[PDB]
file work.cif (mmCIF, C-alpha atoms; chains and numbers go by the auth columns)
data_data
#
loop_
_atom_site.group_PDB
_atom_site.id
_atom_site.type_symbol
_atom_site.label_atom_id
_atom_site.label_comp_id
_atom_site.label_asym_id
_atom_site.label_seq_id
_atom_site.Cartn_x
_atom_site.Cartn_y
_atom_site.Cartn_z
_atom_site.B_iso_or_equiv
_atom_site.auth_seq_id
_atom_site.auth_asym_id
ATOM 1 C CA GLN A 1 -8.747 40.908 37.656 0.00 289 A
ATOM 2 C CA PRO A 2 -11.919 40.399 39.722 0.00 290 A
ATOM 3 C CA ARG A 3 -13.527 37.322 38.087 0.00 291 A
ATOM 4 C CA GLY A 4 -11.558 34.124 37.973 0.00 292 A
ATOM 5 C CA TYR A 5 -12.035 31.725 35.105 0.00 293 A
ATOM 6 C CA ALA A 6 -15.350 30.009 35.708 0.00 294 A
ATOM 7 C CA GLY A 7 -14.259 27.027 33.637 0.00 295 A
ATOM 8 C CA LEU A 8 -17.224 27.528 31.313 0.00 296 A
ATOM 9 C CA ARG A 9 -16.618 27.508 27.527 0.00 297 A
ATOM 10 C CA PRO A 10 -14.156 24.545 27.585 0.00 298 A
ATOM 11 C CA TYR A 11 -12.436 22.666 24.674 0.00 299 A
ATOM 12 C CA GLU A 12 -10.848 19.227 24.048 0.00 300 A
ATOM 13 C CA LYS A 13 -7.142 19.046 23.095 0.00 301 A
ATOM 14 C CA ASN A 14 -6.233 17.024 19.988 0.00 302 A
ATOM 15 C CA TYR A 15 -9.630 15.874 18.787 0.00 303 A
ATOM 16 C CA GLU A 16 -9.223 13.816 15.635 0.00 304 A
ATOM 17 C CA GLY A 17 -12.111 12.560 13.548 0.00 305 A
ATOM 18 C CA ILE A 18 -12.785 8.943 12.677 0.00 306 A
ATOM 19 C CA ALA A 19 -10.053 7.567 10.440 0.00 307 A
ATOM 20 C CA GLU A 20 -11.132 7.500 6.812 0.00 308 A
ATOM 21 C CA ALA A 21 -8.964 5.481 4.454 0.00 309 A
ATOM 22 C CA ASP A 22 -8.799 6.822 0.920 0.00 310 A
ATOM 23 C CA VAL A 23 -7.346 3.605 -0.526 0.00 311 A
ATOM 24 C CA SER A 24 -10.822 1.997 -0.136 0.00 312 A
ATOM 25 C CA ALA A 25 -9.792 -1.527 0.927 0.00 313 A
ATOM 26 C CA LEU A 26 -11.225 -4.574 -0.831 0.00 314 A
ATOM 27 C CA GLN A 27 -14.496 -6.046 0.361 0.00 315 A
ATOM 28 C CA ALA A 28 -14.268 -9.000 2.699 0.00 316 A
ATOM 29 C CA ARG A 29 -15.243 -12.350 1.254 0.00 317 A
ATOM 30 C CA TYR A 30 -17.721 -14.553 3.060 0.00 318 A
ATOM 31 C CA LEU A 31 -17.068 -17.546 5.360 0.00 319 A
ATOM 32 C CA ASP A 32 -20.064 -19.702 4.326 0.00 320 A
ATOM 33 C CA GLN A 33 -19.914 -21.582 1.037 0.00 321 A
ATOM 34 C CA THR A 34 -22.654 -21.250 -1.579 0.00 322 A
ATOM 35 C CA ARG A 35 -25.636 -23.520 -0.941 0.00 323 A
ATOM 36 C CA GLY A 36 -25.587 -25.543 -4.122 0.00 324 A
ATOM 37 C CA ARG A 37 -27.601 -28.694 -4.627 0.00 325 A
ATOM 38 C CA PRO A 38 -28.816 -30.000 -1.264 0.00 326 A
ATOM 39 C CA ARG A 39 -29.334 -33.659 -2.160 0.00 327 A
ATOM 40 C CA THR A 40 -27.336 -34.339 -5.345 0.00 328 A
ATOM 41 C CA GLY A 41 -24.152 -32.515 -4.418 0.00 329 A
ATOM 42 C CA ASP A 42 -20.802 -33.070 -6.162 0.00 330 A
ATOM 43 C CA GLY A 43 -21.939 -34.909 -9.305 0.00 331 A
ATOM 44 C CA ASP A 44 -23.218 -38.426 -9.923 0.00 332 A
ATOM 45 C CA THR A 45 -20.601 -40.195 -12.178 0.00 333 A
ATOM 46 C CA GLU A 46 -22.794 -42.367 -14.402 0.00 334 A
ATOM 47 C CA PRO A 47 -21.275 -45.723 -15.495 0.00 335 A
ATOM 48 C CA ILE A 48 -21.145 -47.436 -18.880 0.00 336 A
ATOM 49 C CA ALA B 1 -23.521 -12.095 -3.339 0.00 2 B
ATOM 50 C CA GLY B 2 -21.875 -11.032 -6.538 0.00 3 B
ATOM 51 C CA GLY B 3 -18.957 -12.824 -8.210 0.00 4 B
ATOM 52 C CA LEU B 4 -17.890 -14.211 -4.859 0.00 5 B
ATOM 53 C CA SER B 5 -20.941 -16.488 -4.921 0.00 6 B
ATOM 54 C CA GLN B 6 -19.672 -18.112 -8.131 0.00 7 B
ATOM 55 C CA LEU B 7 -16.125 -18.587 -6.846 0.00 8 B
ATOM 56 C CA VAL B 8 -17.294 -20.524 -3.880 0.00 9 B
ATOM 57 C CA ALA B 9 -19.613 -22.701 -5.977 0.00 10 B
ATOM 58 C CA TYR B 10 -16.732 -25.061 -6.273 0.00 11 B
ATOM 59 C CA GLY B 11 -16.730 -28.818 -6.408 0.00 12 B
ATOM 60 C CA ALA B 12 -15.817 -32.072 -8.123 0.00 13 B
ATOM 61 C CA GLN B 13 -16.852 -30.929 -11.597 0.00 14 B
ATOM 62 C CA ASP B 14 -14.544 -28.005 -11.456 0.00 15 B
ATOM 63 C CA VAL B 15 -11.479 -30.139 -11.088 0.00 16 B
ATOM 64 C CA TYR B 16 -11.225 -30.829 -14.818 0.00 17 B
ATOM 65 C CA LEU B 17 -11.295 -27.077 -15.455 0.00 18 B
ATOM 66 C CA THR B 18 -9.385 -25.452 -12.569 0.00 19 B
ATOM 67 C CA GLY B 19 -7.733 -28.088 -10.355 0.00 20 B
ATOM 68 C CA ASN B 20 -3.941 -27.917 -10.365 0.00 21 B
ATOM 69 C CA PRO B 21 -4.256 -24.856 -12.670 0.00 22 B
ATOM 70 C CA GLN B 22 -1.648 -24.389 -15.350 0.00 23 B
ATOM 71 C CA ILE B 23 -2.476 -20.979 -16.734 0.00 24 B
ATOM 72 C CA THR B 24 -4.156 -17.744 -15.988 0.00 25 B
ATOM 73 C CA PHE B 25 -5.892 -15.301 -18.161 0.00 26 B
ATOM 74 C CA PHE B 26 -5.077 -12.252 -16.200 0.00 27 B
ATOM 75 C CA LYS B 27 -1.530 -11.674 -17.208 0.00 28 B
ATOM 76 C CA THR B 28 -0.312 -11.647 -20.769 0.00 29 B
ATOM 77 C CA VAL B 29 3.202 -12.549 -21.488 0.00 30 B
ATOM 78 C CA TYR B 30 4.373 -10.652 -24.469 0.00 31 B
ATOM 79 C CA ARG B 31 7.383 -11.991 -26.342 0.00 32 B
ATOM 80 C CA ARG B 32 10.389 -9.633 -26.752 0.00 33 B
ATOM 81 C CA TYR B 33 11.215 -9.563 -30.452 0.00 34 B
ATOM 82 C CA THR B 34 13.949 -8.492 -32.760 0.00 35 B
ATOM 83 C CA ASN B 35 14.335 -4.867 -33.711 0.00 36 B
ATOM 84 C CA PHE B 36 13.072 -3.943 -37.149 0.00 37 B
ATOM 85 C CA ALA B 37 11.402 -1.322 -39.338 0.00 38 B
ATOM 86 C CA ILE B 38 9.197 -1.449 -42.456 0.00 39 B
ATOM 87 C CA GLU B 39 9.643 0.931 -45.463 0.00 40 B
ATOM 88 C CA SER B 40 7.638 1.317 -48.647 0.00 41 B
ATOM 89 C CA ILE B 41 9.970 1.931 -51.587 0.00 42 B
ATOM 90 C CA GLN B 42 9.064 2.457 -55.251 0.00 43 B
ATOM 91 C CA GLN B 43 10.627 0.094 -57.771 0.00 44 B
ATOM 92 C CA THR B 44 11.504 0.903 -61.389 0.00 45 B
ATOM 93 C CA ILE B 45 9.298 -0.650 -64.046 0.00 46 B
ATOM 94 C CA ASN B 46 11.056 -1.750 -67.194 0.00 47 B
ATOM 95 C CA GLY B 47 8.996 -1.622 -70.380 0.00 48 B
ATOM 96 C CA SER B 48 6.003 0.447 -71.422 0.00 49 B
#
call {"tool": "encode", "arguments": {"input": "work.cif", "output": "structure tokens"}}
result
Amino acid sequence: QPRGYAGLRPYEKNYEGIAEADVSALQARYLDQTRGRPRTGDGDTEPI
Amino acid sequence: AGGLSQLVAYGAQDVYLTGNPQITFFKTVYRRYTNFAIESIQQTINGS
């Protein structure tokens, strides 16, 4: 055969797409607590 | 955001409601009962 393989028109062995879970894992909860009252936090405890 | 923002709004005034929790609401315990059946039966009426 006169022409050797030029190498053009290549391919990539075992190309998998990005993993897509079907289970649809639960959303991650936050790390910062809810900004409640800024100056009167955690009750007052009124006396008699 | 969402329900998570309520869960983390936790403090001293929650203790009387949820501290050292005793129960949940998300699992009902049903009580196994005796086996029985109900039947509607006609009685005889004496007299006119």
call {"tool": "resolve_selection", "arguments": {"input": "work.cif", "expression": "the PyMOL selection byres ((chain B) within 10 of (chain A))", "output": "list in words"}}
result
residues 2, 5, 6, 7, 8, 9, 10, 11, 12, 13, 14 and 15 of chain B
call {"tool": "axis_aligned_box", "arguments": {"input": "work.cif", "around": "stretch 36-42 of chain B", "padding_each_side": "8 Å", "output": "JSON"}}
result
{"center_x": 11.0, "center_y": -1.5, "center_z": -42.6, "size_x": 22.7, "size_y": 22.8, "size_z": 33.9}
call {"tool": "atom_distance", "arguments": {"input": "work.cif", "atom1": "atom CA of residue B:16", "atom2": "atom CA of residue B:29"}}
result
23.7 Å
call {"tool": "decode", "arguments": {"input": "work.cif", "residues": "stretch 297-328 of chain A", "atoms": "N, CA, C and O atoms", "output": "JSON list (two decimals), in the first residue's frame"}}
result
[["chain", "number", "residue", "atom", "x", "y", "z"],
["A", 297, "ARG", "N", -7.32, 11.91, 11.51],
["A", 297, "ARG", "CA", -8.61, 11.33, 11.90],
["A", 297, "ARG", "C", -8.31, 10.41, 13.08],
["A", 297, "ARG", "O", -8.43, 9.18, 12.95],
["A", 298, "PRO", "N", -8.01, 10.92, 14.29],
["A", 298, "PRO", "CA", -7.66, 10.09, 15.42],
["A", 298, "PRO", "C", -8.94, 9.74, 16.20],
["A", 298, "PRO", "O", -9.98, 9.77, 15.60],
["A", 299, "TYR", "N", -8.78, 9.28, 17.44],
["A", 299, "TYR", "CA", -9.91, 8.94, 18.35],
["A", 299, "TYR", "C", -9.37, 8.80, 19.78],
["A", 299, "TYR", "O", -8.13, 8.71, 19.93],
["A", 300, "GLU", "N", -10.23, 8.81, 20.81],
["A", 300, "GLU", "CA", -9.67, 8.63, 22.17],
["A", 300, "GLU", "C", -10.30, 7.39, 22.84],
["A", 300, "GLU", "O", -11.47, 7.41, 23.10],
["A", 301, "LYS", "N", -9.52, 6.38, 23.18],
["A", 301, "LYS", "CA", -10.03, 5.16, 23.77],
["A", 301, "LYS", "C", -10.66, 5.42, 25.13],
["A", 301, "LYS", "O", -10.11, 6.17, 25.95],
["A", 302, "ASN", "N", -11.81, 4.78, 25.36],
["A", 302, "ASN", "CA", -12.56, 4.80, 26.61],
["A", 302, "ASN", "C", -12.85, 6.20, 27.14],
["A", 302, "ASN", "O", -12.37, 6.61, 28.19],
["A", 303, "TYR", "N", -13.65, 6.95, 26.39],
["A", 303, "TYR", "CA", -14.02, 8.29, 26.80],
["A", 303, "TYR", "C", -15.39, 8.23, 27.44],
["A", 303, "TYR", "O", -16.39, 8.01, 26.75],
["A", 304, "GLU", "N", -15.43, 8.42, 28.75],
["A", 304, "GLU", "CA", -16.66, 8.40, 29.51],
["A", 304, "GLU", "C", -17.08, 9.84, 29.78],
["A", 304, "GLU", "O", -16.24, 10.74, 29.87],
["A", 305, "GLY", "N", -18.38, 10.06, 29.88],
["A", 305, "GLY", "CA", -18.89, 11.39, 30.16],
["A", 305, "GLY", "C", -18.79, 11.66, 31.65],
["A", 305, "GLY", "O", -18.35, 10.81, 32.43],
["A", 306, "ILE", "N", -19.20, 12.87, 32.04],
["A", 306, "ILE", "CA", -19.19, 13.23, 33.45],
["A", 306, "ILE", "C", -20.20, 12.34, 34.16],
["A", 306, "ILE", "O", -21.26, 12.02, 33.61],
["A", 307, "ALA", "N", -19.84, 11.88, 35.36],
["A", 307, "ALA", "CA", -20.72, 11.00, 36.11],
["A", 307, "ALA", "C", -21.97, 11.75, 36.51],
["A", 307, "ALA", "O", -21.91, 12.88, 37.01],
["A", 308, "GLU", "N", -23.12, 11.14, 36.26],
["A", 308, "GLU", "CA", -24.40, 11.76, 36.60],
["A", 308, "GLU", "C", -25.18, 10.80, 37.48],
["A", 308, "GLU", "O", -25.69, 9.79, 36.99],
["A", 309, "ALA", "N", -25.27, 11.12, 38.76],
["A", 309, "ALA", "CA", -26.01, 10.28, 39.69],
["A", 309, "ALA", "C", -27.51, 10.46, 39.46],
["A", 309, "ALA", "O", -28.00, 11.57, 39.28],
["A", 310, "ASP", "N", -28.23, 9.34, 39.46],
["A", 310, "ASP", "CA", -29.67, 9.39, 39.28],
["A", 310, "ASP", "C", -30.40, 9.45, 40.61],
["A", 310, "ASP", "O", -31.56, 9.85, 40.65],
["A", 311, "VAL", "N", -29.72, 9.07, 41.69],
["A", 311, "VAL", "CA", -30.29, 9.07, 43.03],
["A", 311, "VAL", "C", -30.64, 10.48, 43.48],
["A", 311, "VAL", "O", -31.56, 10.65, 44.29],
["A", 312, "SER", "N", -29.93, 11.49, 42.97],
["A", 312, "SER", "CA", -30.13, 12.91, 43.27],
["A", 312, "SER", "C", -29.99, 13.16, 44.78],
["A", 312, "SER", "O", -30.97, 13.35, 45.50],
["A", 313, "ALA", "N", -28.72, 13.09, 45.22],
["A", 313, "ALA", "CA", -28.32, 13.28, 46.61],
["A", 313, "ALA", "C", -28.89, 14.54, 47.23],
["A", 313, "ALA", "O", -29.13, 15.54, 46.55],
["A", 314, "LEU", "N", -29.11, 14.47, 48.54],
["A", 314, "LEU", "CA", -29.69, 15.56, 49.32],
["A", 314, "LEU", "C", -28.81, 16.80, 49.28],
["A", 314, "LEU", "O", -27.59, 16.71, 49.18],
["A", 315, "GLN", "N", -29.46, 17.95, 49.36],
["A", 315, "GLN", "CA", -28.74, 19.22, 49.33],
["A", 315, "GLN", "C", -27.92, 19.39, 50.60],
["A", 315, "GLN", "O", -28.30, 18.93, 51.68],
["A", 316, "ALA", "N", -26.77, 20.02, 50.46],
["A", 316, "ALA", "CA", -25.90, 20.22, 51.61],
["A", 316, "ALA", "C", -26.40, 21.39, 52.44],
["A", 316, "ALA", "O", -26.75, 22.46, 51.93],
["A", 317, "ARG", "N", -26.43, 21.18, 53.75],
["A", 317, "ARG", "CA", -26.85, 22.21, 54.67],
["A", 317, "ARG", "C", -25.71, 23.19, 54.87],
["A", 317, "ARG", "O", -24.55, 22.87, 54.63],
["A", 318, "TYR", "N", -26.05, 24.40, 55.31],
["A", 318, "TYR", "CA", -25.06, 25.44, 55.48],
["A", 318, "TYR", "C", -24.17, 25.19, 56.69],
["A", 318, "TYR", "O", -24.36, 24.26, 57.48],
["A", 319, "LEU", "N", -23.17, 26.08, 56.82],
["A", 319, "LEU", "CA", -22.20, 26.06, 57.94],
["A", 319, "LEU", "C", -22.37, 27.29, 58.84],
["A", 319, "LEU", "O", -21.86, 27.25, 59.98],
["A", 320, "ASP", "N", -23.02, 28.35, 58.35],
["A", 320, "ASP", "CA", -23.25, 29.54, 59.16],
["A", 320, "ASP", "C", -24.68, 29.53, 59.69],
["A", 320, "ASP", "O", -25.64, 29.32, 58.94],
["A", 321, "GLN", "N", -24.80, 29.78, 60.99],
["A", 321, "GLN", "CA", -26.09, 29.82, 61.65],
["A", 321, "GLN", "C", -26.87, 31.07, 61.25],
["A", 321, "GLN", "O", -26.30, 32.08, 60.83],
["A", 322, "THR", "N", -28.19, 30.98, 61.37],
["A", 322, "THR", "CA", -29.10, 32.06, 61.01],
["A", 322, "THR", "C", -28.89, 33.29, 61.88],
["A", 322, "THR", "O", -28.90, 33.20, 63.11],
["A", 323, "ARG", "N", -28.70, 34.44, 61.24],
["A", 323, "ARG", "CA", -28.50, 35.69, 61.96],
["A", 323, "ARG", "C", -29.82, 36.10, 62.59],
["A", 323, "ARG", "O", -30.67, 36.71, 61.94],
["A", 324, "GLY", "N", -30.00, 35.76, 63.86],
["A", 324, "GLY", "CA", -31.23, 36.13, 64.53],
["A", 324, "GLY", "C", -31.15, 37.55, 65.04],
["A", 324, "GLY", "O", -30.78, 38.46, 64.29],
["A", 325, "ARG", "N", -31.52, 37.76, 66.29],
["A", 325, "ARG", "CA", -31.45, 39.08, 66.87],
["A", 325, "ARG", "C", -29.98, 39.41, 67.07],
["A", 325, "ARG", "O", -29.20, 38.54, 67.46],
["A", 326, "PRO", "N", -29.54, 40.62, 66.77],
["A", 326, "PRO", "CA", -28.12, 40.93, 66.93],
["A", 326, "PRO", "C", -27.73, 41.46, 68.29],
["A", 326, "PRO", "O", -26.57, 41.34, 68.70],
["A", 327, "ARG", "N", -28.69, 42.05, 69.01],
["A", 327, "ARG", "CA", -28.41, 42.64, 70.31],
["A", 327, "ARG", "C", -29.20, 42.03, 71.47],
["A", 327, "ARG", "O", -28.74, 42.12, 72.61],
["A", 328, "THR", "N", -30.34, 41.40, 71.21],
["A", 328, "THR", "CA", -31.10, 40.78, 72.29],
["A", 328, "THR", "C", -31.20, 39.28, 72.04],
["A", 328, "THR", "O", -32.28, 38.70, 72.09]]
